[PDB]
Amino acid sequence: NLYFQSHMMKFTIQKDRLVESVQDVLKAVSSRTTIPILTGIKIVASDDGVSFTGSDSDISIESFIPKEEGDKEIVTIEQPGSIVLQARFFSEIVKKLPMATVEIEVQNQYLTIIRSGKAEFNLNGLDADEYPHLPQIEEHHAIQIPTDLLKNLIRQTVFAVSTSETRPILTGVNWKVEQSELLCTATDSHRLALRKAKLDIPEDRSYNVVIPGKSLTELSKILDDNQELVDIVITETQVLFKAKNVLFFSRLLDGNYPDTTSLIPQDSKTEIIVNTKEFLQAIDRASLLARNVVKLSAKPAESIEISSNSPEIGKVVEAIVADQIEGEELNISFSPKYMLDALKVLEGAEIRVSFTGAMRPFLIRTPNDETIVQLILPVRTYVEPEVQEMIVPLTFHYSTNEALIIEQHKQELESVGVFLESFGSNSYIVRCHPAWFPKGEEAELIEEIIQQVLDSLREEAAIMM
């Protein structure tokens, strides 16, 4: 007779693997998108199995399901084909399908039928060919990292990236490869996270890229916990992570990451060794009065005293028996969040903290491991609020009319905490800024402050607080 298909795509699949792939892929989908079809999920049924793709133009994930995963049959493809369904909705359905077996059938008008047990869903389908193609990346000069290590690398660095849109490049983690050793660097202006890893790669290859922190976090969520290798292909604008049945793409951040190797102190006046948990719990307790700034005081052969006070709300004092103390007596103030973020990430029972006075950065490490380094900037105390310095100072360019004004009213700026350096002509940098500033919005405020001087602080600063 005359052939005319009853349907486009049709296959049967186990619910557990279906859900699993949809959850992974869904992590690449964004509600806020400027390209409509990117709210969808691309399904491709072939003779070998079914793949699921989701993307938000910055990252892309493809999860594949072989039709056979052992004795059992996972997928039964009756008619290869493809369709795009709404991702968020497709996720909600599949999670709550009653029975194990799931039938998916795309009819000739792209209406997609989903059957499990006695429940039948119908979905408006979109033509798969309208869905963007994966980034074309040739797999050459690839790198191999064990999964658990890779997840540790991420975990020990992503948190420290900037959340501000002021400097896009600082929202990503700097991956530098040289002499077969990976150096992951992440920093917001207030603190820095470093991680180093040795890889079985030819010493000749060199890489210097910046991967968005969010991408690495979502990648980590998808990776299982094992020792098997993850394949990594780095290019000029993309990075591809490969694992079992998973392809993960991330767009690299354009630009040049700042050098920080010089910024890391190499010599310390005072070194403290103490139990991780006991020290951690004490800092957390002193953070209850954040209404912000914790103070630390230590002397050799003597206890450590962490303290903080909030005006008219209260004060707190806690003492820990150190494990070892050597060097100058010190009284240093720092943000407990940064301290905490660093500590939650270290695996050792005890830690090593190195300082060089109360006015310079201090390091947090494991006792006998040089692989991980956590850097934090302290808070300067003026007996005129408390001030926090920046690792990578913010730079602002100004007109000559406004540039002259900045120096004229510079004395008052200092009194507010707007401690500019005045390094560039007609453009001053920000070495220090008031500690009470909210994270990720330091640049914004520091701008509006100056804007008033050119458009005109007591009343202002009061309405802002």
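So that there is no doubt, residue numbering starts at 1 and follows the sequence shown.
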I want to verify a possible break: how many residues of the deposited sequence sit between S456 and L457 without any coordinates (none, 1 to 3, 4 to 9, 10 or more)? 4 to 9
What lies unmodelled of the deposited sequence between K95 and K96 amounts to none
Comparing average C-alpha B factors as deposited, tell me which of 316 to 324 and 71 to 79 sits higher. 316 to 324
Return whichever of 24 to 32 and 402 to 410 has the greater mean Cα B factor according to the PDB record. 402 to 410
Quick one: which of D127, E302, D231, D188 shows the highest Cα temperature factor in the PDB entry? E302
Going by the entry, which of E178, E370, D224, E138 has the most elevated CA B factor? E370
Within this chain, which third does the Cα B-factor at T261 fall in: lowest, middle or highest? highest
By the entry's values, the third containing the CA B factor of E62 is the lowest
By the recorded C-alpha temperature factor, relative to the other modelled residues in its chain, which third is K277 in? middle
Relative to the other modelled residues of the same chain, rank the CA B-factor of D56 and answer lowest, middle or highest third. lowest
Using the B-factor values recorded in the entry, state whether the Cα atom of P132 falls in the lowest, middle or highest third among the modelled residues of its chain. lowest
